[PDB]
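Please read the structure below before turning to the comments.
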Amino acid sequence: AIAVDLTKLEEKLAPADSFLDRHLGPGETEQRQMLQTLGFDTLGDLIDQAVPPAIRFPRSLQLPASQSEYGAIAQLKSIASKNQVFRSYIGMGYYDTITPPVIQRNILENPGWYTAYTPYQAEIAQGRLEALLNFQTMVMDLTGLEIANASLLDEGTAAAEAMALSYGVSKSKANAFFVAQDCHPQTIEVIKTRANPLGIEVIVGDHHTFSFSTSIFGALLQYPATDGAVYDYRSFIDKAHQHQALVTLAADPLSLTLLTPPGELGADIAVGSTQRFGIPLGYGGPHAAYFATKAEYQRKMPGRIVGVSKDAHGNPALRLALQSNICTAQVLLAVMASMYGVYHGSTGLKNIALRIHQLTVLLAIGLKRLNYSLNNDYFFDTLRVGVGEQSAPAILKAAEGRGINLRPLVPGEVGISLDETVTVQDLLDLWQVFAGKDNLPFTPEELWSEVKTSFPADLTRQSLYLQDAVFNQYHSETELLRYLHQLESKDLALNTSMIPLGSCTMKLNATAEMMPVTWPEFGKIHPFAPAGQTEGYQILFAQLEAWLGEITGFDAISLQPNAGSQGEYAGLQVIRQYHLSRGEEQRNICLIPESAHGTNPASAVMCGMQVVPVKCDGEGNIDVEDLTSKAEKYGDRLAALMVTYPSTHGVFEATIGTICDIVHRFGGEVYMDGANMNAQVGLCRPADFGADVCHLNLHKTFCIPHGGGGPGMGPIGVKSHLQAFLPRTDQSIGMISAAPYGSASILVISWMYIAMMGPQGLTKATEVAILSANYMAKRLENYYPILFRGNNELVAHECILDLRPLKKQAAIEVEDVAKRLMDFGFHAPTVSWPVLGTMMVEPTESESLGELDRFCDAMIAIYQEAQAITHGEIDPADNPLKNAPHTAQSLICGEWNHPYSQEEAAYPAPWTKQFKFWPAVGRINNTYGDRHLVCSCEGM
Amino acid sequence: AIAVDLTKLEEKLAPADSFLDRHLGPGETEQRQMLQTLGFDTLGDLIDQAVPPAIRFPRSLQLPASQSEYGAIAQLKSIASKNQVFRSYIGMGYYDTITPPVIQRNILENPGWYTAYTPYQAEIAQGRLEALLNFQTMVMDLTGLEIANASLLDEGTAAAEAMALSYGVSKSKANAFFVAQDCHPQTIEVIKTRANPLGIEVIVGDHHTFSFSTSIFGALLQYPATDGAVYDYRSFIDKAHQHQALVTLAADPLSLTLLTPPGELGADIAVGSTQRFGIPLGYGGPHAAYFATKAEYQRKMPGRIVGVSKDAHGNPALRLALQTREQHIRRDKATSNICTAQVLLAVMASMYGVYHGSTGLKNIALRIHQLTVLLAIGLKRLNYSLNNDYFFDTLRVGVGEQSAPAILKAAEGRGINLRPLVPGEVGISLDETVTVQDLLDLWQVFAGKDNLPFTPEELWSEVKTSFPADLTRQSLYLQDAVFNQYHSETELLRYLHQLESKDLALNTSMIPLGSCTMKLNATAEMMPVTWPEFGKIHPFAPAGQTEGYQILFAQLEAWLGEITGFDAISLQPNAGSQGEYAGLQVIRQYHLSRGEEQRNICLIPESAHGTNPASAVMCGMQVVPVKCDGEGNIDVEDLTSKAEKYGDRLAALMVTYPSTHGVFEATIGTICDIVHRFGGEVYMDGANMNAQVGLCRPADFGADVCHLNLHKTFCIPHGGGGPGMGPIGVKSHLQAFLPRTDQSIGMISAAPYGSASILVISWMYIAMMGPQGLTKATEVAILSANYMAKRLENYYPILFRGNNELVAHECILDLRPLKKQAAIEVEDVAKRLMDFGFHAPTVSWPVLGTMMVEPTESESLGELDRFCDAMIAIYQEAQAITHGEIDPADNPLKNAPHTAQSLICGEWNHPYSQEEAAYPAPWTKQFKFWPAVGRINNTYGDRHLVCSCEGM
């Protein structure tokens with residue numbers, strides 16, 4: 001009433017700063033210029049030709065009117081204020097930790113570190129590649145195992161990956177996987193959820209009493225246990241090996257500064273979280289999980305691995321080596337965890353752990369004086385305290401009164417996990433809470449004389465860790481600042497130039513969106529804090545669920561899955577559970593078009609489905625006749641079709657509705673991979689044209705930053721008939737991520753984007769993304785054939801450039817073009833996917849016309865360079881394309897013996913003389929790196 | 001008791017992360033190595049031999065025990081939470097504003113922008129130089145005037161600089177300066193405080209009724225006025241010109257998007273604050289003030305000015321221009337005492353202009369003006385009297401004596417502050433943050449009820465937002481490409497990144513600038529600056545809303561008092577220059593208070609910072625230099641002679657300790673005794689306090705007053721040339737005269753606590769270091785300086801040493817032999833260091849032909865050694881010239897710095913290789929910092945002064 005009147009009045013005022021105009025690259029003038037090159041007068045008219053009318057969303061999105069950056073921040077701040085920041089000593093896999101301010105400011109809040117994506121182009125990613133090498137080295141050193149990857153999604157899924165690895169190398173008919181009952185309970189549920197569709201039996205029980213009567217292929221043990229107890233696992237491991245099973249330890253990596261590590265205990269695999277290496281609690285994430293194992297299983301390892309190779313000049317250089325459904329991981333958070341190791345060093349890390357342990361021993365001695373029973377013989381940071389059923393509720397409440405959360409274990413027992421933030425003053429609060437009064441029957445300092453903090457020799461670590469120079473040389477703040485800056489300077493990120501990676505949506509990660517991630521009311525909340533303290537998050541989730549529901553047209557949203565791969569997997573699990581609920585167990589066929597992202601069939605197989613490929617036609621589109629024939633053939637067994645819309649070829653197929661009808665006719669569900677949603681928002685809705693479930697990549701379409709290769713979030717939307725089966729936050733599939741809302745803290749980014757854009761702005765973004773892709777295609781089409789065009793000769797949000805003629809004409813490979821683009825100051829687009837020998841270019845709506853033109857001009861110049869080779873005008877082996885990228889040192893030092901000038905090499909376009917980005921290394925030898933796998937700092 | 005018990009227990013625990021170990025560069029092993037090189041068994045021995053045992057502080061500093069970064073942040077957050085963030089519509093020269101998040105994150109919270117200092121080495125400072133050029137251009141465009149500088153400290157002091165300029169160019173014998181009574185009241189006080197020691201008569205009155213009967217040399221008018229009124233000042237300006245006076249307008253630069261600008265009105269000078277170009281309120285600062293005037297007054301402009309020149313390759317390049325105006329060359333004859341200014345905030349303000357452009361800026365002002373007109377119409381419906389005929393953002397509302405307190409109280413109940421004007425009148429200033437919902441609150445507060453006799457939208461059809469033709473601006477502004485090209489966030493992100501990449505700051509390598517103390521600006525120290533509880537408070541908010549700041553100030557006053565030994569501390573002065581000036585003002589007031597008005601002689605040793613004699617002249621004192629002896633020390637005999645001669649007239653001695661020569665003189669106590677014997681006060685320049693903290697205290701060895709540079713010794717970042725804070729400590733007998741926060745000197749800074757928000761940085765430093773840590777920092781600073789001197793002494797003579805052949809926290813390297821032997825100039829060495837990846841140390845000050853090197857305690861041994869190795873390599877390059885082994889005119893020293901383009905493009909015709917040019921040391925092959933331009937032609941730039949984007 002009064003509010004409606006204010007909105008009228010506000011609309012009369014001079015126009016205010018609109019976030020849409022900061023998010024978009026091309027303004028109205030630039031848009032009109034682009035449209036004219038395309039032969040359209042208006043964007044609306046172009047979009048009417050791009051999007052098939054039958055699937056066009058016929059109205060505006062029902063979303064809140066856009067807010068300014070200032071207003072949206074203020075609104076979210078009021079929501080955030082409803083959360084309460086307690087001292088949580090809940091433990092269970094998440095422990096408060098101190099992020100060194102220098103790392104918070106210069107990595108987590110630095111777009112130079114969070115805006116690039118996976119280091120596909122290694123020569124311009126040596127900085128984050130080195131940080132990841134440090135991460136691998138830290139994990140190898142602490143676990144005592146031979147190889148480690150460049151991070152997994154969270155502790156529980158890493159453990160599930162360990163189960164899968166163990167299953168693969170098993171040669172027995174053993175179908176059971178033993179999980180110790182004192183693993184973290186969310187880990188157990190994630191494992192059970194992954195085991196279900198594969199028919200794997202999960203046996204959960206006390207490791208002490210496991211009989212080894214039932215054949216197992218693997219076992220998972222928690223170290224220290226979830227209730228805190230530190231056990232000697234050697235005997236169990238020995239017995240498991242006698243029964244041909246691999247043993248995985250889920251091991252707290254901070255505890256491994258003190259405790260005998262998994263490698264020395266005989267464990268085959270180690271997993272865990274690196275969250276307490278200075279990564280915010282985040283109400284669940286994002287945190288990098290680790291995965292370490294024996295070198296003999298290196299070809300079986302999940303995820304990405306950084307390896308040391310050499311460049312064209314013989315110098316050391318890093319690359320992803322040996323290239324599960326996992327794609328996007330947790331790179332940014334692995335960088336933070338490794339920098340925590342670099343800044344603290346081995347001595348510093350051990351002192352942090354020793355202090356935590358000393359405080360926990362002191363805590364225990366005082367609780368004993370208060371006549372409580374202490375169950376753990378040995379512990380790192382976590383006590384199991386027997387208080388009796390009568391006292392447990394009052395203690396937990398008194399604790400809450402002081403803003404402290406403890407862990408309820410079983411009736412009459414309370415768990416307490418201390419951490420890096422804990423002070424002697426916190427200890428006093430704990431004693432007084434347990435005493436029920438403030439005057440204690442002891443003095444704090446009096447207890448120190450009793451403090452015995454050693455472990456038995458069988459559990460006392462002697463081996464060293466983090467001995468490489470990198471962990472010793474950068475302990476002043478100034479030193480670390482400079483190290484970070486040097487690594488950052490090697491990497492080409494979005495603060496330098498457009499990174500037009502097809503299938504990745506490298507759009508603006510706006511400062512206003514990123515800001516709230518590091519507000520303590522979002523970042524400093526334990527994922528299992530009582531609901532009464534997380535009402536701000538509850539509001540955030542409810543809003544995001546409603547908004548993503550409206551965008552997709554689905555009736556329910558699960559925010560849990562913490563990657564695109566996880567969303568696909570969750571979606572297929574929900575479909576599987578649906579068929580089971582109808583008494584249709586035999587439905588296990590998953591139809592997948594050959595063009596699909598590789599995550600799709602990997603996810604299907606993980607879900608116990610049998611993949612049946614569906615041909616794509618001569619235009620690159622889904623072959624409807626073939627789909628119909630396969631659907632008919634597998635009618636009784638059809639579980640699902642997984643479809644990407646628009647296709648991985650960047651095309652709006654007009655047949656999508658018909659395709660869904662066919663699948664439904666034969667009893668299947670339709671799953672839509674939502675990676676290409678940047679061509680859809682406001683223009684079509686998956687639920688409307690026949691999808692039953694989809695996932696969204698929030699790190700593509702909805703602005704979560706690419707993080708150098710992570711983090712992401714992959715929420716799913718489902719129709720009502722599937723809602724009952726959604727992951728838990730009688731019928732649920734269980735848990736897909738370790739935390740109920742996955743990496744909850746980064747969800748604020750997509751909330752901010754939607755709040756600041758509003759329904760018209762979100763739709764305009766989609767439209768401009770399509771305009772810019774089509775503009776680039778039109779500019780380049782006479783130089784590089786555009787491989788797949790939709791109806792009306794338009795593409796969607798990306799286009800595929802055919803580089804195969806250059807190979808025929810000039811013996812030039814796509815890799816040569818990709819490296820030569822570095823000399824022009826550009827990261828290459830997506831290379832050789834989905835079609836070998838091509839590039840897929842996706843500019844997004846956030847890049848200016850000037851930037852688009854520079855990229856096209858670079859490609860045209862490279863076209864002319866290839867023509868020169870074709871026409872014999874320059875040596876076919878010694879030319880800028882074959883020798884790219886050109887380092888400054890290669891141009892300045894030694895003799896210059898090439899048939900082109902140093903200026904032609906380094907400044908091939910005018911903009912490079914205004915600002916030059918220097919490739920840090922020459923072209924990296926890929927085959928050499930895979931042949932001689934070196935994955936730690938020892939090799940560099 | 002219980003805390004005592006806990007402290008005891010905590011000491012038993014494994015060592016936690018100590019901030020001291022992050023702040024220091026050299027650890028214990030590195031320190032032992034450096035001591036071995038120096039021939040000392042312990043650091044204690046070195047310090048006992050460096051510091052005269054007589055002035056030595058005989059106990060530990062009484063300061064709180066060190067806290068971790070985590071604990072100190074928590075403690076300050078608790079303090080900050082006591083402040084209340086209101087919607088302040090108080091105005092008076094400070095208005096809430098929206099800092100674009102992209103600028104907050106990538107400039108204000110980016111050490112790449114805030115760690116370097118004044119762009120003395122222009123070739124490695126083109127980024128901030130360009131941002132300053134944009135600032136000047138924005139100011140010129142908006143004011144309609146011909147030249148503008150690269151910032152002043154605040155609005156009131158800028159107006160005082162305008163008074164000084166007007167006095168300096170006056171054709172008459174006029175001694176009076178007219179100040180309109182509707183200038184901001186703090187501006188009036190700053191002006192009066194500056195006029196007092198110069199004997200200038202300040203007339204404060206209604207500009208409408210000024211008779212011009214008393215001759216004036218200048219007039220200051222406020223536009224719009226402090227109460228909001230917009231006046232047509234043309235007639236006044238014409239009359240002032242008829243009477244041979246200059247007119248300065250203190251003009252709100254946002255309002256100039258709509259209002260006819262000073263230049264077009266005929267004004268000679270414009271000053272103001274650029275705070276509302278996206279700079280946090282900051283409880284007073286820091287904000288860059290602007291100063292614009294006519295080209296014909298170039299040589300009299302205060303402060304720094306960026307000018308477009310060209311480099312060795314004929315390419316456009318920027319540099320500081322007309323430097324003989326400034327204190328470091330000209331000293332007592334400088335145009336002002338200003339040194340450190342507000343560069344970081346000028347960068348932010350110009351980026352606000354770049355991001356919003358002319359259209360965006362105008363829309364911000366239009367919307368503010370529309371909201372204010374709407375507010376006005378509503379208040380009239382409620383039967384209130386509205387006094388301003390025309391206004392931009394500020395209303396003067398007649399409410400009556402009886403209602404005014406209740407309205408103010410009701411506003412406070414909704415978390416709103418208004419401005420008390422006079423009894424029965426209330427001021428309201430709207431700003432960029434204001435929404436129609438805020439309007440509704442204001443109307444309901446004035447209505448005394450929630451249901452209004454009108455609806456908001458209904459009022460719109462009555463809104464006239466235009467001004468009379470004679471006040472309506474027609475001229476364009478910000479038409480240069482730079483203000484149009486970077487409006488997407490991604491574009492601005494990239495522009496900022498490209499500029500930042502051109503500049504060598506502390507995230508690259510050590511910048512060992514003597515007299516500057518380029519130590520760690522720790523992230524934890526910087527973090528609280530941008531907490532809203534510090535950044536979003538209006539400086540004239542009611543005391544009940546600022547208890548967190550009260551606590552911060554009390555603690556800082558106590559701690560700096562303990563460090564200096566002084567009885568009272570003033571946190572007001574907002575630069576070292578202001579601290580000196582405030583100190584001299586208090587000394588002057590003291591002599592007057594004793595009935596000793598004739599004391600106006602200020603003794604100043606020849607080595608002193610140019611700010612010293614400049615400050616003295618501004619304080620109405622006559623400078624008498626005191627000679628330095630053969631060994632560079634103050635000549636006690638000469639001091640005594642002059643003290644005797646000017647006995648009856650001796651006001652002060654200004655002394656820097658340790659000296660600007662980097663030496664601890666053992667005579668400092670005797671020197672103070674002599675000054676006191678002859679009736680003078682002793683002022684100590686505390687810019688070298690990084691050699692003193694915990695080791696000696698100025699008050700203990702004879703100083704009556706000192707200033708500290710928090711941006712040198714206490715970690716406020718150098719900001720590319722600002723901001724700073726220059727608090728003063730005084731003995732009890734001077735306390736009565738301190739600036740207002742019957743006897744006060746008045747106001748030195750426009751805001752009572754100057755740039756209050758940045759004081760949290762120094763609070764954090766002290767809290768995290770503790771007494772032993774602060775003292776260790778001083779000792780390591782001295783160790784590292786002596787280490788570098790020892791390493792370099794056989795190559796470059798150490799010009800001055802103290803007792804036991806030691807230096808203090810810095811040393812002077814004599815490069816004059818290189819000039820004699822090889823015709824190598826100090827600037828040659830400075831540019832060649834760029835090719836080694838280093839910013840030069842301080843060049844040619846205090847001694848021409850030398851370099852003064854100050855590493856600070858924050859730089860590692862490895863880094864100290866690389867710098868020494870660079871200087872040694874350069875020495876060998878000079879020796880090759882000397883021995884005739886290379887063309888004396890064509891060699892790396894003469895041609896430095898070497899851009900990548902100069903090496904890669906075109907034919908290479910030099911008797912040395914490109915590798916020798918770009919990679920003269922092995923670390924450059926690990927990480928190469930590229931100079932963005934070749935050597936800049938200085939004389940060409942001063943000959944053809946171009947100070948806006950049109951030239952570049």
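By convention in this document, chain letters (A, B, ...) are assigned in the order of the sequence lines, proteins followed by strands, and residues within each chain are numbered from 1.
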Which answer fits [X], side chain, backbone, both or neither, if we ask what part of it has an atom under 4.5 Å from a heavy atom of chain B?
X	result
A:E69	side chain
A:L6	both
A:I73	neither
A:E420	neither
A:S901	neither
A:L480	neither
A:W918	side chain
A:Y343	both

Are any side-chain N or O atoms of [X] and backbone N or O atoms of [Y], one a donor and one an acceptor, separated by less than 3.5 Å?
X	Y	result
A:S890	A:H886	no
B:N106	B:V102	yes
A:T97	A:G278	yes

Applying side chain to side chain donor-acceptor pair (under 3.5 Å), can you list everything that pairs with A:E847, at least two apart in sequence or on another chain? B:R494
For B:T530, enumerate each residue passing the side chain to side chain donor-acceptor pair (under 3.5 Å) test, keeping only those at least two apart in sequence or located in another chain. B:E109
B:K925 to B:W923 six-membered ring, cation-pi geometry met (6.0 Å, 45°): no
With A:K77 as the cation and A:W519 as the aromatic partner, state whether NZ or CZ is under 6.0 Å from the six-membered ring centre and within 45° of the axis. yes
Contact check, side chains of B:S68 and B:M768, non-hydrogen atoms, under 4.5 Å: no
Do B:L903 and B:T899 touch side chain to side chain, with heavy atoms closer than 4.5 Å? no
Just give me the residue among [options] that pairs up with chain A most often, heavy atom to heavy atom, under 4.5 Å.
options	answer
B:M527, B:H369, B:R105, B:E457	B:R105
B:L24, B:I2, B:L506	B:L506
B:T435, B:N110, B:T433, B:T924	B:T433
B:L366, B:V436, B:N507, B:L493	B:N507

Under 4.5 Å from a heavy atom of chain A, the part of [X] involved:
X	answer
B:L439	neither
B:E916	neither
B:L440	side chain
B:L374	side chain

Distance-minimising heavy-atom pair for [X] and [Y]:
X	Y	answer
A:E513	A:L508	OE1-O, 3.9 Å
B:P101	A:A512	CB-N, 4.0 Å
B:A900	A:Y907	CB-OH, 3.5 Å

I need the residue from [options] with the largest number of non-hydrogen atom pairs under 4.5 Å to chain B.
options	answer
A:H485, A:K490, A:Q902	A:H485
A:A353, A:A74, A:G71, A:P111	A:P111
A:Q486, A:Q889, A:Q914, A:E903	A:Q889
A:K916, A:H23, A:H344	A:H344
A:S497, A:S489, A:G25, A:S846	A:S497

What residues of residues 484-491 of chain B make heavy-atom contacts with chain A at a cutoff under 4.5 angstrom? B:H487, B:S488, B:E489, B:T490, B:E491
Considering only NZ, NE, NH1 and NH2 on the basic side and carboxylate oxygens on the acidic side, decide whether A:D96 and A:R87 come within less than 4.0 Å. no
Residues B:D17 and B:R22 bridged, charged N to O under 4.0 Å: yes
Nearest-0.5 Å distance, CE of residue B:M518 to OG1 of residue B:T115: 6.5 Å
Validation: residues 7-16 of chain B side-chain donor-acceptor distances under 3.5 Å, sequence neighbours left out:
unit_1 : atom_1 : unit_2 : atom_2 : d
B:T7   : OG1    : B:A3   : O      : 3.0
B:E10  : OE2    : A:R355 : NH1    : 3.1
B:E10  : OE2    : A:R355 : NH2    : 2.5

